[PDB]
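Asker: Quick one: experimental structure and sequence below.
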Amino acid sequence: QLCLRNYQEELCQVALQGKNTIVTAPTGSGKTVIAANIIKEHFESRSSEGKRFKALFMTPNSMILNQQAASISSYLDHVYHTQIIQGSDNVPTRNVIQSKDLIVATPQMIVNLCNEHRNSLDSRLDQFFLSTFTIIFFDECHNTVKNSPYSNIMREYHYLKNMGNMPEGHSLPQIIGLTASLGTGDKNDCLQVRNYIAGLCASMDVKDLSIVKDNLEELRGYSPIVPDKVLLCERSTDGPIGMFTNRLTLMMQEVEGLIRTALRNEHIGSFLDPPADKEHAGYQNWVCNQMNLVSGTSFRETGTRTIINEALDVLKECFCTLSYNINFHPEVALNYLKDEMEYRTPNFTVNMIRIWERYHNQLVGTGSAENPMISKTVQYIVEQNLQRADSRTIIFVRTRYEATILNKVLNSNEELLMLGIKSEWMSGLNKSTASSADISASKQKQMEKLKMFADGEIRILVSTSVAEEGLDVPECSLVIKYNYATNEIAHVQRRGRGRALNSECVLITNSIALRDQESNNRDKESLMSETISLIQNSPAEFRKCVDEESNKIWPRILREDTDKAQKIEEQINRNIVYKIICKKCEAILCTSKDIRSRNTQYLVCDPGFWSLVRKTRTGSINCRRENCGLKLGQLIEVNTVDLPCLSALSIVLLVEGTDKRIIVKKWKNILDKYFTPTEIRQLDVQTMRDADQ
RNA sequence: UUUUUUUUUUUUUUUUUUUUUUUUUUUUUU
RNA sequence: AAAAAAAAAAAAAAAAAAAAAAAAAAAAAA
Ligand SMILES: Nc1ncnc2c1ncn2[C@@H]1O[C@H](COP(=O)(O)OP(=O)(O)O)[C@@H](O)[C@H]1O
Ligand SMILES: [Mg+2]
Ligand SMILES: [Zn+2]
């Protein structure tokens, strides 16, 4: 058992009244202990009064699910049965919910429950009720905006409260809200922030706020504040870094001129001129927009489109390496450019090959240099190591590739290797980011990385925003934000991540925008503190407008059915065909009648698809057309035979007759706007014949 | 030889959150 | 003409979850 603290007991007293309350406590103050104590008290009261009891615990991140469940079980002395429900587990949910008094499950499963009965063909396996659980908990409730799963659970709770489907004597469940910070959002004055906070609380049917009143000293002592030092490094326009930047701008102008001649050959006078600045995101946005127009238009010459797409891809890569050279030393940017260019080489023309070889020779002759930010970070690391031998440093970066580059830079310095200091490349488990080719993000790998950091083998953690919440990150003695800026909640979580004694938070950047964002975040935090103080001072909130306006639940569904009918009427157009072709090159991949879907995977049963595909080796699908290098999808097997799987992001839909190009981002749009493929039959036969020989 | 359960890896699709940049519209001020 | 605020569209980056499928390794049964 764990002894309750004074502020924890004060927070628990507010929720002990049975009303819906939201608890706002700093990270690491023991929200899990408070939740477990509230659950235990509610269960004891229900047992004393002689009625059924049930508790539901929900967390946005599955990484912290096991730790939270273990802590809850330990606090409850393992007297009540607990079961963890995740996507991997195939155990039925309703049976374990009925047979156990404490259920911990992903909120999406709760959303699916009591809602899957709708739009289901006739039985319907009865209907589940949200009010089955006596007490529910909403960890990290600040994300309950727009159409979040928490918003869906709130809508189900409103269904149960308003509509008269209560079975026998079912009572309204009590929900406790726990979050680090409510979230300013985009409001400016205190009144708007207070109104937004009150509306968010009303969306969860919460009227009372659990805020510490007289135990602030204990909270400050147990959770000391961490100053947020701001450090800025000036940029150097001269030296090897300046020479590298000049060479890359020369490459910018050369590629722009080549694009100009390519457009002139097409006799096209509409394309937008590139921005003068080659380092801002405006150049990348313009490149992406030009690529979108090129995909959405038709060209007289087939090779011109391929050349333009190759130029746009090289421009994007060169912008990425410009950002890398701005953030770090030119060595990593040169290495990234070299590996990307050597990967894309077998699909290039002779002139571009010579241009790249000349530019690479010039960059090799440039030399090397060191960035002031890297030197400052290294000096801070050695200073922390001198202060204590158990120093732990966590570094936040923008992208996963940025994390890998930072880890390589830190591991390449002999000054840290003299004392035996290593680093890692901690990232997130998400695989849908368009940059997952170099990212593994395995669950076991992440657990192993956490274990080695906890054991002390790894000192520097180049971790992304994933580690801010839902991760069992141990105490860190130094938090560094390497050109990374996020919202107020993420900044607060980063500041609170330094649970080690005398933790220091220092921000290192070379851009005025980062400093402005940090100042804005500090101002937002101060405004939140002022609003919280004002709310505490005045107990008469007198806020009920959103609570009464929340009666619009059924009009929402009414308009939902109306515009669903309108979308169905719009979709009624059919019996037409599509000439699906490759995005980069005008090659007939297949026709609209050769695409089939088994469950949710879209496979093309084209006998001639093998002749126009490369079939590399992992397994991947690549265009066989020269100078294309486009990944049309992934190769998968269902009947022990590999079959092609097209991707919407690598194909362009063409309509027969008029030359109207169609761009598709997700398969849902083409599914519900253009056509629907038929169900799969024993069509792997004709595909397997032509797969071999 | 087949079936059931557990673990690891991989793939497709769908539903959300946060940050930055670009563009458009409206209002206010100089 | 310039600046600020609000809404909308596009692009980039990061994070979360769900559904299904495939491969491999173990335990049990036929
Ligand atoms: N009353 C208490 N007695 C002992 N340990 C506590 C107490 N309250 C909190 N802790 C410890 O402090 C930590 C606080 O982190 P926790 O509340 O679990 O996650 P979060 O970061 O969401 O607040 C817990 O891991 C817990 O072990
Ligand atoms: Mg928590
Ligand atoms: Zn192609």
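Answerer: Okay, I see it. Numbers count the residues shown, from 1 in each chain, chains lettered A, B, ... in the order given. Ligands and ions are numbered 1, 2, ... in the order given.
Asker: Can you give me the buried ones in stretch A:603-613?
Answerer: Applying a neighbour-count criterion of 16 or more other Cβ atoms under 10 Å, one finds A:603, A:604, A:605, A:606, A:609, A:610, A:612, A:613 buried in stretch A:603-613. Where C-beta positions appear, they are placed from N, C-alpha and C, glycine not excepted.
Asker: Put the alpha carbons of that stretch into CSV.
Answerer: Output of stretch A:603-613 as CSV, limited to C-alpha atoms (Å, rounded to 0.1, in the frame of the first residue of the first chain):
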residue,chain,number,x,y,z
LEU,A,603,-5.6,-6.5,-54.8
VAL,A,604,-5.3,-6.2,-58.6
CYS,A,605,-5.8,-9.4,-60.5
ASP,A,606,-4.3,-8.2,-63.8
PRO,A,607,-2.6,-11.0,-65.8
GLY,A,608,-0.3,-8.4,-67.4
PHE,A,609,0.6,-6.6,-64.2
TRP,A,610,3.7,-8.9,-63.7
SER,A,611,5.1,-7.9,-67.1
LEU,A,612,5.0,-4.2,-66.2
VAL,A,613,6.2,-4.7,-62.6
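Asker: interface residues of the stretch 351-500 of chain A facing RNA strand C?
Answerer: Contact residues, the stretch 351-500 of chain A versus RNA strand C (Cβ under 7 Å from any atom of the strand): A:398-401, A:427-430, A:432-435, A:441, A:464-466, A:470.
Asker: Out of those residues, which sit inside helices?
Answerer: Using DSSP state H, the subset of these located in helices is A:400, A:401.
Asker: Are any of the residues of the stretch 351-500 of chain A next to RNA strand C buried, and if so which?
Answerer: Among these, those classed as buried by 16+ other Cβ under 10 Å are A:398, A:399, A:400, A:401, A:427, A:428, A:441, A:464, A:465, A:466, A:470.
Asker: Quick check: the closest residue to the second one other than its chain neighbours vs residue A:666, distance?
Answerer: Distances taken as Cβ to Cβ, 6 or more residues apart in numbering put residue A:435 closest to residue A:399, at 7.0 Å, once the chain neighbours are dropped. As defined by Cβ to Cβ, to the nearest Å, residue A:435 lies at a distance of 18 Å from residue A:666.
Asker: Same check on residue A:588?
Answerer: Distance, residue A:588 to residue A:666, using Cβ to Cβ: 23 Å.
Asker: likewise residue A:365?
Answerer: Distance, residue A:365 to residue A:666, using Cβ to Cβ: 46 Å.
Asker: Buried residues, stretch A:656-671. List them.
Answerer: Within stretch A:656-671, the residues that qualify as buried by neighbour count (16+ other Cβ under 10 Å) are A:661, A:662, A:663, A:664, A:667, A:670, A:671.
Asker: Stretch A:68-86 now?
Answerer: Going by 16+ other Cβ under 10 Å, stretch A:68-86 has these buried residues: A:68, A:69, A:71, A:72, A:73, A:75, A:76, A:80, A:82, A:83, A:84, A:85.
Asker: Run through the residues that contact the first one.
Answerer: This means residue A:68. For residue A:68, the residues meeting the contact criterion (Cβ atoms under 8 Å, 6 or more residues apart in numbering) are A:32, A:57, A:59, A:104, A:139.
Asker: ok, and the first one, which helix or strand is that part of?
Answerer: Taking DSSP states H and E as the definition, residue A:32 sits inside helix A:31-49.
Asker: Report all helices and strands that that helix contacts.
Answerer: With contacts defined as 3 or more Cβ pairs under 8 Å, 6 or more residues apart in numbering; DSSP states H and E, helix A:31-49 has these neighbours: helix A:6-15, strand A:55-58, helix A:65-75, strand A:135-139, strand A:174-179.
Asker: of all those, which lies closest to RNA strand B?
Answerer: Taking Cβ to the nearest atom of the strand as the criterion, helix A:65-75 is the member of the helices and strands packed on helix A:31-49 that comes nearest to RNA strand B, at 11.2 Å.
Asker: Also compute the angle for the closest one relative to helix A:31-49, please.
Answerer: Here helix A:65-75 runs at an angle of 50 degrees relative to helix A:31-49 (axes from the mean of the first three to the mean of the last three Cα atoms, to 10 degrees).
Asker: measure residue A:602 to residue A:622 for me?
Answerer: Residue A:602 sits at a distance of 18 Å from residue A:622 (criterion: Cβ to Cβ).
Asker: right, is stretch A:452-461 up against ligand 1?
Answerer: No - for a cut-off given as Cβ under 6 Å from any ligand atom, stretch A:452-461 has no contacts with ligand 1; the smallest distance is 13.6 Å.
Asker: how far is that stretch from where the chain is centred?
Answerer: Distance of stretch A:452-461 from the chain centroid (Cα atoms, centre = their mean, to the nearest Å) equals 25 Å.
Asker: And stretch A:620-627, by the same measure?
Answerer: For stretch A:620-627, the distance from its own C-alpha centre to the chain's C-alpha centre is 30 Å (Cα atoms, centre = their mean).
Asker: Kindly check the end-to-end length of it for me.
Answerer: With Cα to Cα, to the nearest Å as the measure, the ends of stretch A:620-627 fall 17 Å from one another.
Asker: Same check on stretch A:673-687?
Answerer: Counting by Cα to Cα, you get 28 Å between the two ends of stretch A:673-687.
Asker: in it, what counts as buried?
Answerer: In stretch A:673-687, the ones that count as buried by 16+ other Cβ under 10 Å are A:674, A:675, A:677, A:680, A:684, A:687.
Asker: what residues does chain A put near ligand 3?
Answerer: When proximity is defined by Cβ under 5 Å from the ion, chain A lies next to ligand 3 at A:582, A:584, A:585, A:623, A:625, A:628, A:630.
Asker: Dump the buried residues of stretch A:656-671 to JSON lines, plus secondary structure.
Answerer: Formatted as JSON lines, the entries for the buried residues of stretch A:656-671 read as follows, by DSSP: H, G, I helix; E, B strand; the rest coil:
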{"residue": "A:661", "secondary structure": "strand"}
{"residue": "A:662", "secondary structure": "strand"}
{"residue": "A:663", "secondary structure": "strand"}
{"residue": "A:664", "secondary structure": "coil"}
{"residue": "A:667", "secondary structure": "helix"}
{"residue": "A:670", "secondary structure": "helix"}
{"residue": "A:671", "secondary structure": "helix"}
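Asker: what separates the residue of the stretch 251-400 of chain A found nearest ligand 1 from RNA strand B, distance-wise?
Answerer: Ranking the residues of the stretch 251-400 of chain A by distance to ligand 1 (Cβ to the nearest ligand atom) places residue A:394 first, at 14.8 Å. Remark: distance between residue A:394 and RNA strand B (Cβ to the nearest atom of the strand, to the nearest Å) = 18 Å.
Asker: I'd like to know which elements the helix or strand encompassing residue A:95 is packed against.
Answerer: Taking DSSP H and E as the criterion, residue A:95 maps to helix A:93-99. With contacts defined as 3+ Cβ pairs under 8 Å, 6+ apart, the packing partners of helix A:93-99 are strand A:82-85, strand A:102-105.
Asker: how about the ones you listed in a markdown table, adding distance to residue A:321?
Answerer: Formatted as a markdown table, these follow (distance: least, Cβ to Cβ, whole Å):
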| stretch | distance to residue A:321 |
| --- | --- |
| strand A:82-85 | 44 |
| strand A:102-105 | 45 |
